[PDB]
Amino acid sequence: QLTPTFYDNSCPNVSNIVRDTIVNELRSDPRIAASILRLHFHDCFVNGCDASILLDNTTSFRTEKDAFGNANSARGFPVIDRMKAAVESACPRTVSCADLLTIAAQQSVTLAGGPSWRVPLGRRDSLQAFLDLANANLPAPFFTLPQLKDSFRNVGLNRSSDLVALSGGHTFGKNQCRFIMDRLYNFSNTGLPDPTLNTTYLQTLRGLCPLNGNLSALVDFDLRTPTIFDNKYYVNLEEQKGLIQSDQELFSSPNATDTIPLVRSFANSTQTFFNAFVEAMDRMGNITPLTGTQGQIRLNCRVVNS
């Protein structure tokens, strides 16, 4: 089983090295904390948190970086390489890329103002990447609530609290116009905007993402505190200001009887949200890990050891 003390003897300073790397990167890229948390999420939803997402292409298997949910979206890979190299220098062949990314995600959340906790450790690295599985398992912004729930349950997270709390990751970070164009101009072939999108916010978003405009333009997930990890994300949902369809459905879907109370509870108390986020994060981080002698302690997160 995974344990927070896994490296307390072999690499006591791993968390500090990870933190230092992120602090340094944040000075030039304020979006990196968000990007790193998302990398961990996309790692865990595909064959578990096994650093499979970090692997590059080989002639035998395709990289998950070309999955619909990762291509021209997932970022921060060089930063992970940097901290990995630093950790390898401090403690040779000790910390797995899977664990490194987990610590990076937690440190990223804390650095952005979120809760601080010690993540369970002991994960090992995959011997292959899973592009098809990534295309099948990663949720999409156009998913209905039932589909979002299906996606989470498919990887092992049965609880609505898992879905609602982890969606809080959208309390910071960026989103491309491409993913909300339907909500803004033609939702579900209705020829009208998504009725669950606040009409005042609708105008603002249309200004940032005009029809036939730059689909790659970036918009903040959280209009209240774009780069701070806090519970404002849920306050937005209550006002119909969730940015993407999957955000707003947590509060407005006909199937949201179970998620609405969670959204309200997280909007009403930072402590309630933070506690639930840590609980959900550790649950996601416990998805089908390779442990013991399974897999490897990858030296270069981009390639399997040979």
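Residue positions are given as counts along the sequence shown, with the first one as 1.
On average, are the C-alpha B-factors higher in 267-275 or in 251-259?
-> The recorded data point to 267-275.
What stretch has the higher average Cα B-factor here, 80-88 or 103-111?
-> Taking the mean C-alpha B-factor of 80-88 and of 103-111, the larger value falls to 80-88.
Residue with maximal Cα B-factor (values as given in the PDB entry) among 165, 133, 209, 192 = That would be 192, according to the entry.
Can you tell me which of 188, 161, 137, 176 has the highest Cα temperature factor in the record?
-> In the PDB entry, the greatest C-alpha B-factor among 188, 161, 137, 176 is found at 188.
Taking the values exactly as deposited, rank residue 27 by C-alpha B-factor within its chain and report the matching third: lowest, middle or highest.
-> Top third by C-alpha B-factor.
Which third of the chain holds residue 118 when residues are ordered by C-alpha B factor: lowest, middle or highest?
-> Highest third, going by the recorded CA B-factors of the chain.
Taking the C-alpha B-factors as the PDB entry records them, is residue 93 in the lowest, middle or highest third of its chain?
-> Ranked within chain, residue 93 CA B lands in the highest tercile.
Please rank the C-alpha B-factors of the chain's modelled residues and tell me whether residue 297 sits in the lowest, middle or highest third.
-> Middle third - that is where residue 297 ends up once the chain's C-alpha B-factors are sorted.
Going by the recorded CA B-factors, say which third of the chain residue 225 sits in, lowest, middle or highest.
-> Ranked within chain, residue 225 CA B lands in the middle tercile.
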